[PDB]
Amino acid sequence: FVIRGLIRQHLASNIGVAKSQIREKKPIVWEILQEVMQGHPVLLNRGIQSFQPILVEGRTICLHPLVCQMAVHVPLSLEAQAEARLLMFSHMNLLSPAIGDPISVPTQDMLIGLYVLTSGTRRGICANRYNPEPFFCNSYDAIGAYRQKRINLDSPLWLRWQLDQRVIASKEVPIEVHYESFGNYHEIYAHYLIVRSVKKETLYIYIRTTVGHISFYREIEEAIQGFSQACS
Amino acid sequence: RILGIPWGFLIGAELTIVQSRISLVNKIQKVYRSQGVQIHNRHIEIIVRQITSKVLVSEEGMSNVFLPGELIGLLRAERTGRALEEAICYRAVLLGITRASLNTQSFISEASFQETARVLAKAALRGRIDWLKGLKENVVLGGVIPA
Amino acid sequence: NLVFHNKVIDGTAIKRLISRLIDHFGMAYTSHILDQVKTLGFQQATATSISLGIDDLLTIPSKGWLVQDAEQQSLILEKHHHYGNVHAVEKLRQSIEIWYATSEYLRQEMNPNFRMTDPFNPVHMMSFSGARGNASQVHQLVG
Amino acid sequence: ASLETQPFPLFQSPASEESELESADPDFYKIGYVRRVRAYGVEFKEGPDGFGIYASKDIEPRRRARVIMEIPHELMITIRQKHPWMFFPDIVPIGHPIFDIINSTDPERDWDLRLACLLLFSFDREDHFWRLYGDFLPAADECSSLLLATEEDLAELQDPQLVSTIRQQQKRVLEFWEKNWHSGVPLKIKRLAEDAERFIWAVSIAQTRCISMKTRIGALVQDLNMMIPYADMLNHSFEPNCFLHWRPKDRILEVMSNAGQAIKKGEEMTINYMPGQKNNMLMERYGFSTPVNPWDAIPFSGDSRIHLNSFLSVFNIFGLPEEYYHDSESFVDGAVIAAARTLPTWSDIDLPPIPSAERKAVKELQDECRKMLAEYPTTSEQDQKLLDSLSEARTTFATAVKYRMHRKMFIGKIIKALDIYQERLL
Amino acid sequence: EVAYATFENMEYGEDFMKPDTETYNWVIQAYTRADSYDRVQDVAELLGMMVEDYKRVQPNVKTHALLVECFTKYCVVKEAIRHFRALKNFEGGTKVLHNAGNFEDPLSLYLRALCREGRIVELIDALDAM
Amino acid sequence: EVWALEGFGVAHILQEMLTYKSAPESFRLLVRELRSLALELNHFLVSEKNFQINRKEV
Amino acid sequence: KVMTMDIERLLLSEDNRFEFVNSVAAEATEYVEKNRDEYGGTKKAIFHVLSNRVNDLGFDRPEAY
Amino acid sequence: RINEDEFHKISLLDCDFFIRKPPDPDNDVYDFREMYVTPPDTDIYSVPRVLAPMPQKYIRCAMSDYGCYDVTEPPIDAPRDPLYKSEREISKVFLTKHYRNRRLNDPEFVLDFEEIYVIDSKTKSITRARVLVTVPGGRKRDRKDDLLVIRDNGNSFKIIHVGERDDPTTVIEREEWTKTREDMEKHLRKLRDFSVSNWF
Amino acid sequence: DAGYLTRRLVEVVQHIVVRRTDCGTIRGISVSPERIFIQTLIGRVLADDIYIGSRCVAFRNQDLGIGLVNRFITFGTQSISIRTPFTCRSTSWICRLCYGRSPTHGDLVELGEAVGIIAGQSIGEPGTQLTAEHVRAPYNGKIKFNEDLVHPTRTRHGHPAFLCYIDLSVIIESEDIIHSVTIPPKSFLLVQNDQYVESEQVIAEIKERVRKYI
Amino acid sequence: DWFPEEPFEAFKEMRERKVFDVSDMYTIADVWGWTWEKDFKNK
Ligand SMILES: C[S@@+](CC[C@H](N)C(=O)[O-])C[C@H]1O[C@@H](n2cnc3c(N)ncnc32)[C@H](O)[C@@H]1O
Ligand SMILES: [Zn+2]
């Protein structure tokens, strides 16, 4: 395909000249090799799965950790290249067929990272020496306060959950409610607070959470948004 | 004895084969389940369908249609038992894996598996036709895979 | 779309999440969502550390008493085996079974001990999340 | 915006009384967009004739048909066309009295009553999409379906057979309501249609908006009658630029613009509700008529006949009788195609038309058409006057007037067609 | 095999393409006149499938004639006599089984089978049917 | 790997990997050695149009 | 990056994945027969087929994205 | 049986209560005699278990729900079924008298926390809350500064001065602490040395 | 062992391909009564309708989704009849309905899918992975029980013990309160009427034939 | 799970499980209407 590329650019007049330039390994050869590799898939074989190669520095083949002496193969015909790209990609095969079990699930460091990411607050006796938190109006204010070292990853905070649908719960009745004489009341729960009134309506939920939990939710929401950006 | 020669063989095969299927699906999947290595039954059931696929014609089944000891599919045996009066008789057989292969009509799938010389000798004496279908017998011929 | 968790990601919980994502969005979204959660996991693992030290491992504190118990019984039985009160098969079966019993207890009290008394212990998080080291392997280090 | 109640279609457009296509309320699209509806290159517009879909951009031609809309199955309503009643959004709880009522319908005569029961139940089922969508359905005073008419309108319909069929439909509906909304029904039924007007409205909507298709729900290939909350806003045409199509993997109804057709900004996106039904059938079910209806018929009994093939060629009509179409090669339209399907006609292998006897036949059939027009008390343009100015926009009455007018206008086009055919036969 | 491929296309297709009696006749004819191999088990399978289709397929003259052809070209006379005893009820059944005297002659083969197998009380019935 | 590729149904890659990347000449060897054992491994294909029994080049 | 969502869209469009991929291979080989421009550099016939088909779906993707 | 045209349909989780109402522009007034309970849509009625003295006169009340949330989190089928569902489960309702039956817009509008009626979905029952008042002044105190705390699954009611109100943070912290203290004792008790150890 | 098993299974089922939409089978495998009752149904197709009274709840050749199985187990509809591969009319190929939901999609399995070899692999490769309770004193204190209620025995270890075939209540007089423990029938109580017991000490316990040489 | 050892109870299970029932017990003499064959076979 490098020879065919050198013919396509007319930089070699015959296949022997193309082979001679390939032997000379001049930068032109690597530019045409980058042109050839662009959009051409290859099979990797341990266990046999196909990927888009990208020309990389060094000499040892580089593989993605979740897809991880691998052998390498080029599909030669156009029908084979089509079948490879449309059937044989990891995108097409995220499920193990034996029951339909997701293969690529976060594992090793990432999972324990996510575990710590989602460990969040120290609870109760582990958090206060004796028996007896900021509010953030949106999650980017909380992340900003974390970056500015006003709060730590483990530390409890309140986020205004103005998307006041989709509140998570444990089927637990309110741990406490406060009613003001003027008919506002606050419901306090082990995980969140709701301010609502007999006149007017619910003002806001405030969820008691951590920078870690916020980041876990936000980076998935922003991954969905980043993918669906192309839907525009 | 209870159902006589027109039906007793057919329903005896049916009851044997369904009991066997239930027993094999249980005894096999019970291992995986007790080991916690879960699997869907639809993968086991194709193998058990092959193990219980055949019946054999017994001596009292000697006929010009089927000879004794011949192995025929359960569908073939049921349908010919409905259709013909020609002394049809058969009994279910639990064809083990290594005997479901070497009794798979595409002779290349037999020969390239095991007993290659014996398979080829019989099939050449039988003049057998492998009407090429299925995958193992197609990759040898370098085909497009009938799948 | 997805519910806010406010709860720790167990390996079973993330298996549920990823399966539900594949079933809801198909491959199209989930192959990006999971590939970004990779980077999130790497980031938070790098900001943390899961380093293991000689006193990050954490022998269950009553092990000494339990071993002394199993030791004293064995000594008494060995004494009584010399006296001809106990035959060799009973002594053998004690030597097997009382130490198997102790080893099992020591395992069944390893996880509660971490979760109640050192929740953020490295090998606790390693085994309870399922990253590396089965509970048996952690116990064979610790217990 | 996954909440709220009472969004409505601004009634500034249905204010034609003093004497045109403003955008629909953005919430009308938003309630879909939040629920994975997508409109591509089209806009909902609100005329005094209600909603329509219009192209908001010029769309280039494409080799396959091009998607213009996607509606997800979760927002639809469905009844099985054949006896074993099942609901694939499965709104109705098992053992709900609605299932007993819906079973008491005739398997094939009363599909509209079944759909009306589902529609009403879907207005009662909170946080079903139609709880919000019902505000955008035409109310009982603005629906065109003649099930809401009365004798004051049907006297203006002047079509006794169609009057009789409308009367039978109304009788059937009201008898069903009286039988199944008697005082003994549970409150969770009586609250669906506490009066006859609510039920006859629901039936009129079910009739005017029922799509039907063969579909695949997973493995099950099946016949459904269904309501699709944004494909039912497509207006009828017998020359449609779009068609509905089903995707079973993600259970999407596509609205597809026809392959190889370009379309223009402001063009109405239309579909062929039922192919091959006379205007009286469109009045019976949907409650409208169109003058270019290429399947309409005329009660000719004449032995005068015209050379069919010459009638085609003088108007450059092409194709088989099931297929007749017109091309670029300009008054020729669906009414002339209807004429070719309807006039007493003769044909022979190659034999030419008698230039004299065809003019004689033209004269005879023209005087037949003239006496047919003379059977009405008024001309076409008198009804045009009675529609360019009108007392109160009484929708059923205006629909009956549109019907009569369309028929006369048609027969007029028949006269003009025979005139131009004779002249252009030279 | 090339006929049975179409039959297998039909029998496991949509209802509008399910085999009819003629489809069974043509595939039984294909098997019974095969050049090179024993087809009796296939013909018996096809017959059993036709019986399994009893709600939709009923036999005709040509079906019984082809089956008598099969069960007499191969020595299966105890079943041939039964199919001929059914063919008896159709006028011209023996004309069809004579098949104008080509593809050998199934009627002659049947009469010879009855002769050499001594089934004369069936042979006189075949002669009366002729 | 053959089992995996044919599991994906990705059989043109399987054909490439098993034939022109190195009837195929190895099937020619197979038939020739059986033909040397005095067995005629004979390959036919049947014309769908004409029923003609075309003998393959083997 | 994005092109595989188009692939998935077309996989979702066509009623058989294998028949879809067969039709893509057919379209590419007929393209490379009806046109004999070399068309083999930074853009590839498979991506061209996917692009043209998603453009038929109405989506603003350029030839080989 | 009974019609609902003049009844408040107080929908709880396990049943709907029907409470007769007089006409008022705000629909704000309750009969507290014509009490009925109905399975969620069964249109069948019986008198609920009144467990307390109830006012035999038309009076006006605010209403609020002591419901939990629950994440139904159902299994999802192929047509993009939503990977979450969450719904309010009204286990209990509070009806709070208005002081002097003042209307919501009156300048001196105050909730009369002395008179709270509690409706329980699962015992199908009505009760009058035995609230405790911590405020100095008995019946003649300024009621604008009163704040009601409800606790113990809505079984405990305490009127406290507005200033005192514990912060939500310290409430949750104190509940976590009083839980984890008992869990930690229940764990440490298995050790031999527990009998000779200090809380530390 | 795993490698041999995989080779043999694939060689047996190399020919099962989804060649047809519907073999037209008129029969099904019956299923009736729990996680196994789920897994045996999910992604099958019904061989026959199911009705709950007059309410039709599922129809022939409909897919079993989780909601339908949940309805079935809610309303007790036994005899759920499903088109398993055993129901199919061919042994040399399978039709997509008799296989049901795809191994890797939400819709039916796909015509041409090598579900045979997929099954063979999916069974062979997991082959690589295949391979009395003690009651203990929860508190320090004094054991108390009426030891006349229980039979004397010699334990497997030669220790004397009591063997009990009743619900026995054992008190532990701890330093704070009279804790208690329930001992089930058929159990070896290793302790005695007034023994001092220490926390986590075992208090009760609830072939080959081999030569031992002295 | 096992079918009964007694054949008749095994037939009752065959009915109840619908693995085999009397409606599948049919043959040509009962299918193509060869009502005469009753008079031939048993004599
Ligand atoms: C499928 S419903 C659409 C609902 C309608 N857009 C509305 O505003 O409620 C068809 C209705 O649109 C109108 N309609 C249908 N076909 C039409 C046509 N060809 N020209 C004008 N109006 C038409 C009639 O009032 C008919 O009841
Ligand atoms: Zn099947």
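Residues numbered from 1 in each chain as written, not as in the entry; some residues may be left out. Chains lettered and ligands numbered in written order. Part of a larger assembly, values for the part shown. Heavy atoms only, no water.

- Structure determination for the deposited model, as stated in its record, used cryo-EM, and the stated resolution is 3.5 Å.

### Some details on the UniProt feature "binding site: Zn(2+)" (unreviewed entry) in chain I
Right, so step 1: The UniProt record marks I:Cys23, I:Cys88, I:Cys95 and I:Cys98 with the feature "binding site: Zn(2+)" (unreviewed entry), using the residue numbering of this structure.
Right, so step 2: When you line up the elements, I:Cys88 lands in the loop between strand 5 (80–82) and strand 6 (94–95).
Right, so step 3: Take I:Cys88: its relative accessible area is 4%, and that puts it in the buried class.
Right, so step 4: Once residues lying within four places of it in the same chain are set aside, the contact partners of I:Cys88 are B:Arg49, I:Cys23, I:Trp93, I:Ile94, I:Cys95 and I:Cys98.
Right, so step 5: When you line up the elements, I:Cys98 lands in helix 4 (residues 96–99). (UniProt positions renumbered as here; feature names shortened; annotations may be inferred. Helix = DSSP H or I, 4+ residues; strand = E, 2+ residues; numbered from the N terminus. Buried < 20%, exposed > 50% of the residue type's maximum accessible area, 1.4 Å probe, protein only. Contact = heavy atoms within 4.5 Å.)

### Quick word on the site of ligand 1
Residues and elements named next belong to chain D.
Right, so step 1: By nearness alone, 13 residues border ligand 1, and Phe-51, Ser-144, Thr-208, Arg-209 and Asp-232 come closest of all.
Right, so step 2: Between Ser-144 and ligand 1, the recorded distance is 2.6 Å, taken from a side-chain N or O atom to an oxygen atom.
Right, so step 3: Note that an oxygen atom of ligand 1 is positioned 3.0 Å from one of the side-chain N or O atoms of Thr-208.
Right, so step 4: Burial of ligand 1 by the protein chains amounts to 81% of its free accessible area of 590 Å².
Right, so step 5: Tallied by class, the residues present in the shell around ligand 1 amount to five nonpolar, five polar and three charged. (Near = heavy atom within 4 Å. Polar contact = N/O pair within 3.5 Å; in protein donor to acceptor, adjacent residues only side chain to side chain. Areas by Shrake-Rupley, 256 points an atom, 1.4 Å probe, with all protein chains shown as cover. Nonpolar A, V, L, I, M, F, W, Y, C, P; charged D, E, K, R; others polar.)

### Looking at a negative patch on the surface
Right, so step 1: On the surface, a cluster of negative charge is made up of D:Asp141, D:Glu142, D:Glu194, D:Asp195 and D:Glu197.
Right, so step 2: Along the chain, D:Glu142 turns up in the loop between helix 4 (129–133) and helix 5 (151–157). (Patch = residues over 30% accessible without salt bridge, like charges linked within 9 Å, V, L, I, M, F, W, Y side chains within 5 Å. Salt bridge = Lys/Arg side-chain N within 4 Å of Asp/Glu carboxyl O. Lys, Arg positive; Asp, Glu negative; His and termini not counted. Charge placed at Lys NZ, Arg CZ, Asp CG, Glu CD.)

### Looking at the interface of chain A and chain C
Right, so step 1: Opposite the 43 residues of chain A that make contact, chain C presents 44 residues.
Right, so step 2: Interface area for chain A against chain C, summed over the two sides, is near 4600 Å², with a carbon-plus-sulfur share of 78%.
Right, so step 3: When the buried area of chain A at its contact with chain C is split by residue, A:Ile112, A:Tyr115 and A:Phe227 rank highest and sum to 15% of it.
Right, so step 4: The partner of A:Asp101 in a salt bridge is C:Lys15, and the shortest N-O contact between them spans 2.9 Å.
Right, so step 5: Linking chain A to chain C there are eleven residue pairs in polar contact.
Right, so step 6: Considered class by class, the residues forming the side of chain A that touches chain C number 25 nonpolar, twelve polar and six charged. (Buried area = accessible area lost by both parts, 1.4 Å probe.)

### Quick look at the coordination of the zinc ion (ligand 2)
Residue and element names in this part refer to chain I.
Right, so step 1: Coordination sphere of the zinc ion (ligand 2), protein contribution only: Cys-23 (SG), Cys-88 (SG), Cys-95 (SG) and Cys-98 (SG), at 2.3 Å.
Right, so step 2: Considering all four donor atoms around the zinc ion (ligand 2), the spread of angles at the metal, 100 to 117°, places the coordination shape in the tetrahedral class. A single burial state applies to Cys-95 and to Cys-98, both of which are buried. (Donors = N, O, S within 2.8 Å, 3.2 Å for Na, K, Ca; no water. Tetrahedral: all angles 85-135°; square planar, octahedral: opposite > 155°, others 65-115°.)

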